[PDB]
Amino acid sequence: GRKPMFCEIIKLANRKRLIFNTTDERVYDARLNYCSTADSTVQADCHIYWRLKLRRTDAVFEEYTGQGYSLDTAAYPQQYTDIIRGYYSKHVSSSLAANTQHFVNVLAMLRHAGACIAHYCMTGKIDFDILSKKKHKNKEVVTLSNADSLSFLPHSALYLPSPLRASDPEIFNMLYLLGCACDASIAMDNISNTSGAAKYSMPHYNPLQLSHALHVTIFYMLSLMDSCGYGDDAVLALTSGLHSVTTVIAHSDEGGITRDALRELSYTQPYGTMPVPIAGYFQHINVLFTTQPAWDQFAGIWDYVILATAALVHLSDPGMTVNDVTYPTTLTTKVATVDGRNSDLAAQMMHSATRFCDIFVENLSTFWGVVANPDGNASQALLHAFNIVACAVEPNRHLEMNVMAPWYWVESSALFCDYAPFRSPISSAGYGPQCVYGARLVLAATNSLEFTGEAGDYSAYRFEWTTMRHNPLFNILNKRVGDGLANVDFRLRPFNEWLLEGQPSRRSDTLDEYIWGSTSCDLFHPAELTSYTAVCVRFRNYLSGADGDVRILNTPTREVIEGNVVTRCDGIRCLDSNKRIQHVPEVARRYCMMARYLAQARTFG
Amino acid sequence: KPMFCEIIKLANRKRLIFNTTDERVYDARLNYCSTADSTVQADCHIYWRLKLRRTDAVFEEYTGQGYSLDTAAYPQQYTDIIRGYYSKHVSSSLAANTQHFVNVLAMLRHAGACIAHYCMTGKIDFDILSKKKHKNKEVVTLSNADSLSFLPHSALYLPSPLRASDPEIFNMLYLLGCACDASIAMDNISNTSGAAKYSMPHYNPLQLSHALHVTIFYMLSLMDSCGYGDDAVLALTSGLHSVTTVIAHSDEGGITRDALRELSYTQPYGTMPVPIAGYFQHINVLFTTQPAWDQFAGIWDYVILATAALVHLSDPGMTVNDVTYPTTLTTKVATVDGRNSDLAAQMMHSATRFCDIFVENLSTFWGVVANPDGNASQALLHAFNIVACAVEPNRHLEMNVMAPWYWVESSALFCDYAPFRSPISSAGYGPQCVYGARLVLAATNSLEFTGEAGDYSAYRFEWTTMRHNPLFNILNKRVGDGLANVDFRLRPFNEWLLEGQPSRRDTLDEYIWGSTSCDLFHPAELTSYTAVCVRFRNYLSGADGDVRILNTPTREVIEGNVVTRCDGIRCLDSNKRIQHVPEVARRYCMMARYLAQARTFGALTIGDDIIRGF
């Protein structure tokens, strides 16, 4: 691997408060400027919020079962296997087989380390107690000399050679801490700096360089596993820990299934031999922070990576092709959900999550700079995590559905300096991100349409219609409360049927009636208010009252509906959660006419 | 760059403003004298009120959400020198053959803010220059950072050669980037009672302000080398007006003040190369180190006022019947909680052109070369959009008819107006008197004599706008009767737009508004698309024991040109007569109906049929 994607986009926003509980949450605000290339009058500013919460007050101190995924086949490549020779005594190192195996499994350590990182990013506290899960106190370590006695242990053990402690003492100390956190036999060359003591004592650190060492060890272990080819799997474990200690509360009632997937993704006891790292494995992160950085910049970089991981899931998922036109994946079930569990929806979600996990870990490894494993080993792990989520007999909030749009975690529309690295079909379909951070993106104003004519006080267009997100002009109007998105209406519709309608209360006729609450993200859900058949929309361009005057209105003109939109990004601040952010959209998720249209849709496979 | 001249430079101020209840006024007295008769003259005092926006206006949260410029690539020489500064460190040698982008707009705007704060309150320190956040700004150091680290495209990198060539610009850049909090990175900090704490020598306010000036111009040069000059220029003026409220002359205008204040920028970045000789540095306004606060306040107060007045000369021409009137807005929908959404919509549809004209005049005012893409216009139009759609009770929009493109009277404020591209000055509504010159202009509109009854002479004016003919302010500022002898012959058809005093409803001084600031008639105050008959009362009542004559001008003066001239600019304190606001009629009038009917249906709907009964 070379360069991982780390734009200091979230680093620039300065955080003020530290989170000590689950009642409050840190909200990253990003403004987006939308304007037509037709005329710069029709503009709007959309506030994407990303809300981060501490999962639980002690979400790192969770019982470690040591069960689940167990990678027992990650052996070092040639260079690392040769460097491993040199940890044995010279006599042994000289006459050792050239094709020896050294199997590495640091995954549990990386998951707990990611958990510690994000716990530090929320609360700002990190120490040996946290990093060791209250175990570094009385961890007895076998003290074999010259790693010749390594085969003398009745089992595989996590071995920390002396060259590593001499090269980068902080990496060695952090690996000791982590291997102490998750049950793991450690092997060191000199047990205690003071000969005679059975416990390795710590050069106590300051939290600043402590977290710096945590960072550098995350990258060390990532490079280590990547040298084997199981890099994608290592980074999957890392993000598992990250989202295992923090909850990035989603932009949809459904979204967060992947959160529950990453929660249930655990790893078994670690082991292996940790060589002195190859000098130029990870060339550089795109950001640069100093030894002993303040909690500020550290929280910055790692909140950015939390949110970028969260964004990748939406960024990459297989678009379902209905009548060979691609839509965001949406899964429908006729059977009624029972006691918070929809079984058929679970099975549908699994069947699609196959391809989802393939493409998602491909893009995640792209985002970390680690080449994706040629075989989909890690993707299968994530799919099994999905499986344990699906058939869980407990109730689940995210599967109370009857029509859900699975893969939309957080908006990915402003956190990437570039999207060209990722391979995603949803971007090619247009439901992807809309504004590259630091670039004015000229996208199509709406769907391909045709002007069907105008009446007296209205003007109609036949949208070949896919989804609201594919019609990016309507959030310009959505923001404008002064006669903006109340002049668009559907009283020209033959049958008024939408999957994922929005505001289902006032059913049981303007476009503002068929939209989501959308208070936390003014940009549109990728499967927002979709229909597979072309629909016709009329705008109320004027208003001729009953008296006789003809008031002209601010409805965009024809060349606005037919000319492109330009979108740029604005500042990204952070702030505190208010009542208005928490407002949760009530959305229509029940088997409708469009539902049973999709159940019989083409869906070419 | 020398496009600003030394007018308010020479006026001498001494008062320091401590609160917002106080202000300084830049009084400019003008002599209005008709070329025909040298005894019909008057002394009219324009005023220019400047007060503090708040007590702590400079300390406003940066937030960081604003217009985000990009693709501000350095020219060739700067790419070479920045490659040089990069290759020194292995952690920067990575980004060697990559094109480097700069964006100091945020620091530039905060610099403008604190420089205005200095011109008003006189005090500056590191708190005022760094939002009092300098105390604990941690600088990442390029030497102490790990080898896995790498200098991002978005870090404010202050090279060491910059501090080697000039430490004042260095410390100022550091302080401003601390204010507009950004990832500032030096080649190495001298660990001294702090791992990243950057300690700097305490400056006397004068050297501090001089460093601030020279670094403002450093950054202007830097952004101008990229073609994005008005991109880093407008921001400076926005900062200027973010601290000094430049009381407008008219309640309609001065919306652009809030437009400028609503404007913000994204966190700065790019590297800071040492200035290459002089591209913009060759023009150096002041040269003495630690120059006195008076002359500094002079230069920057004149810059404040010239910017604020450039709007009046940067106004799009509203065409009515192939005649150009000053762009005035009009709506029918009633005001709700002090706002007219339709007035805001029309303000945007006018700003669409007003903003590119304004930025053209600003570019030619600072001499920074223009660029085709016109990003600055985009940013300002976005700021207008923000000030329009804001859901707050907003004065400057309590009205159904409003004149937006006139904030502060731009007459007698420039050594000349030759370079400014303003179409409202090709029409009659530009400056009234150039500074340092005697300007001859037409004293009434196309005029025709139409009868002389007893002690009255009537004239048909082919009226266009009150300002367009200035003889009336000579008659108003006459030591004798102020227009009490001139009146109208109103008919059904001559309708008044923005008429003077609605509370009264025939002498003309009622139909003016009595602007106690800027005696000069506000463009588009007494507009009318028809002709108007006007009587001058020469004599008192006949058939009495007396028939007295008055100083009312004769037909030569009324038809002959007037010349105008400026007589210095005093600086005065806060009087009381100047605060008096005019009570102008701002309600949906029948004249507004013509504009609405012309917009909705067509311009051919208001031709020669506005005049009823010949």
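cryo-EM is the method the PDB entry states for this structure, with the resolution given as 3.88 Å.

1. Looking at the overall build of chain B
Per the secondary structure count, chain B includes 17 helices and 17 strands. For 614 residues, the compact-globule estimate of 2.2 N^0.38 gives 25 Å, and the C-alpha radius of gyration of chain B, at 27 Å, lies within 12% of that figure. Overall, chain B is about 100 × 50 × 40 Å in size when its C-alpha atoms are taken along their principal axes.

2. A look at the interface of chain A and chain B
Listed per partner, the contact involves 42 residues of chain A and 42 residues of chain B. The junction of chain A with chain B conceals about 3900 Å² of combined surface from both sides, 52% of it contributed by carbon and sulfur atoms. A per-residue breakdown of the area chain A buries against chain B is headed by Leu 12, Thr 41 and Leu 288 of chain A, which together make up 17% of the total. Between chain A and chain B we count zero salt bridges in total. At the surface where chain A touches chain B, the tally comes to 17 residue pairs in polar contact. The set of elements that each furnish at least two residues to the side of chain A that touches chain B consists of α1 (9–12), β1 (26–36), β2 (43–54), α8 (207–228), β17 (550–552) and β18 (565–576) of chain A. Counting residues per element, the side of chain A that touches chain B draws most heavily on β18 of chain A, at six residues. Along the lines of polarity and charge, the residues of the side of chain A that touches chain B split into 16 nonpolar, 15 polar and eleven charged.

3. Observations regarding the state of the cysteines
This structure, assessed with the given rule, holds two disulfides over all chains. Paired through a disulfide, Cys 7 of chain A and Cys 417 of chain A show a sulfur-sulfur distance of 2.0 Å. With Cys 7 of chain A in the segment before α1 and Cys 417 of chain A in the loop between β10 (403–404) and α14 (425–429), this residue pair connects regions lying 410 residues apart in the sequence. According to the relative accessible area criterion, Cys 7 of chain A is buried, its value standing at 10%. At a sulfur-sulfur separation of 2.0 Å, the disulfide partner of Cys 5 of chain B is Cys 415 of chain B. An S-S torsion of about -55° defines the bridge between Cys 5 of chain B and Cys 415 of chain B as left-handed. Highlighted residues: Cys 5 of chain B in the segment before β1 (23–34) and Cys 415 of chain B in the loop between β11 (401–402) and α13 (423–426), separated in sequence by 410 residues. Residue classification places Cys 5 of chain B among the buried residues on the basis of a relative accessible area of 13%.

4. Quick look at the environment of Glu 254 of chain A
Residues and elements named next belong to chain A. Within the secondary structure, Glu 254 is located in the loop between β5 (246–249) and α10 (257–263). Spatially, the C-alpha atoms of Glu 254 and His 398 are 4.7 Å apart, while their sequence positions differ by 144 residues. Setting aside its immediate chain neighbours within four residues, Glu 254 contacts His 398, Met 401, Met 404, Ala 405, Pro 406, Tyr 408 and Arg 589.

5. Observations concerning the packing of aromatic side chains
Residue and element names in this part refer to chain A. A full pass over the atoms with the stated rule returns 61 aromatic pairs over all chains. Ring plane angle 15° and centroid distance 5.9 Å describe the contact between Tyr 532 and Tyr 597, whose orientation is recorded as stacked. Within this pair, whereas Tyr 532 is found in the loop between β14 (488–489) and β15 (535–539), its partner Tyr 597 is found in helix α18 (residues 593–598), the two being separated by 65 residues in sequence. Its relative accessible area of 9% is what places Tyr 532 among the buried residues. An aromatic cluster is defined as three or more aromatic residues linked by ring pairs; in this entry it consists of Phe 6, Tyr 120, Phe 219, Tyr 281, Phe 282, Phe 298, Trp 302, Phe 367, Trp 368, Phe 416, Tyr 419 and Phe 422. Lying over the aromatic face of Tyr 591, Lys 334 brings its terminal NZ or CZ to 5.9 Å of the ring centre.

6. Here's the deal with the domain arrangement of chain A
All names here are of chain A. Looking at the assigned domains, one finds that chain A contains domain 1 (9–20 + 57–429) and domain 2 (442–571 + 580–598). Distance between the C-alpha centres of domain 1 and domain 2: 42 Å. Together domain 1 and domain 2 conceal approximately 2000 Å² of surface at their shared face, both sides included; 64% is due to carbon and sulfur atoms. Counting across the interface, domain 1 meets domain 2 through two salt bridges. Across the domain 1-domain 2 interface, the total number found is five residue pairs in polar contact. Taken together, the residues that form the side of domain 1 that touches domain 2 break down as ten nonpolar, nine polar and four charged.

7. Considering the sheet that holds strand β6 (residues 184–186) of chain B
Hydrogen bonds between backbone groups are what pair the strands of a sheet, and the pairing can be parallel or antiparallel. Residue and element names in this part refer to chain B. What the three strands build is an open sheet, ordered β4-β6-β5; its pairing is parallel. Pairing within the sheet leaves two strands with one partner each, and these edge strands are β4 (140–141) and β5 (156–158). Where β4 and β6 come together, two bridges link them in parallel fashion. Looking across to β6, one finds that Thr 141 is bridged to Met 186. On top of the sheet, helix α6 (residues 167–179) reaches β5 and β6; it is set at about 160° to β5, its chief contact.

8. Details of the pattern of salt bridges
Residues and elements named next belong to chain A. A complete count under the given rule lists 42 salt bridges over all chains for this structure. For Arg 85, the salt bridge goes to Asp 82, with nearest N and O atoms at 3.5 Å. The exposure class assigned to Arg 85 is partly exposed, which follows from its relative accessible area of 27%. Notably, a salt bridge pairs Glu 501 with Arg 507, separated by 3.2 Å at the nearest N-O pair. Within the structure, one salt-bridge network assembled from shared partners comprises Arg 31, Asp 45, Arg 568 and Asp 570.

9. Here's the deal with the packing of helix α11 (residues 295–315) of chain A against helix α12 (residues 343–368) of chain A
If you want to describe how two helices pack, look at the angle between their axes and the distance between the axes. All names here are of chain A. One way to put it is that α11 packs onto α12 with a least axis distance of 9 Å and a crossing angle of 150°. Classified by the angle their axes make, α11 and α12 are roughly antiparallel. The handedness of the crossing between α11 and α12 comes out as right-handed. Between α11 and α12, the residues in contact are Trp 302, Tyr 304, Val 305, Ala 308, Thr 309, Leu 312 and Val 313 and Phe 356, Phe 360, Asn 363, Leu 364, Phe 367 and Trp 368, respectively. When its residues are assigned to classes, the contact of α11 with α12 shows eleven nonpolar, two polar and no charged.

10. Regarding the domain arrangement of chain B
Residues and elements named next belong to chain B. Along its sequence, chain B is carved into domain 1 (30–47 + 440–586) and domain 2 (49–408). One C-alpha centre belongs to domain 1, the other to domain 2, and the line joining them spans 42 Å. Domain 1 puts 20 residues into the contact, and the matching count from domain 2 is 18 residues. Summed over both partners, the interface of domain 1 with domain 2 comes to about 1600 Å²; 64% of that surface belongs to carbon and sulfur atoms. Considering only the surface of domain 1 that becomes buried against domain 2, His 522, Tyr 529 and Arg 586 emerge as the three largest contributors, covering 40% of it. Scanning the region where domain 1 abuts domain 2 turns up one salt bridge. Here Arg 586 ties to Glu 252 by a salt bridge, and the two come within 2.3 Å at their closest N and O atoms. The interface formed by domain 1 and domain 2 contains two residue pairs in polar contact.

Scoring rules and cut-offs
Residues numbered from 1 in each chain as written, not as in the entry; some residues may be left out. Chains lettered and ligands numbered in written order. Heavy atoms only, no water. Residues with missing side-chain atoms left out of burial classes, pairs and counts. Helix = DSSP H or I, 4+ residues; strand = E, 2+ residues; numbered from the N terminus. Rg over C-alpha atoms; globule rule 2.2 N^0.38 Å. Contact = heavy atoms within 4.5 Å. Buried area = accessible area lost by both parts, 1.4 Å probe. Salt bridge = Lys/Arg side-chain N within 4 Å of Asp/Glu carboxyl O. Polar contact = N/O pair within 3.5 Å; in protein donor to acceptor, adjacent residues only side chain to side chain. Nonpolar A, V, L, I, M, F, W, Y, C, P; charged D, E, K, R; others polar. Disulfide = S-S within 2.5 Å. Buried < 20%, exposed > 50% of the residue type's maximum accessible area, 1.4 Å probe, protein only. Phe/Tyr/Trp six-rings, centres within 6.5 Å; stacked < 30°, edge-to-face > 60°. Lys NZ or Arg CZ within 6 Å of the ring centre and 35° of its normal. Domains from an automatic or database assignment. Pairing = 2+ DSSP bridges. Axes fitted to C-alpha atoms, helices over the stretch in contact; angles between N-to-C directions. Parallel < 35°, antiparallel > 145°, perpendicular 65-115°, else oblique. Left-handed = near helix turned anticlockwise from the far one by under 90°.

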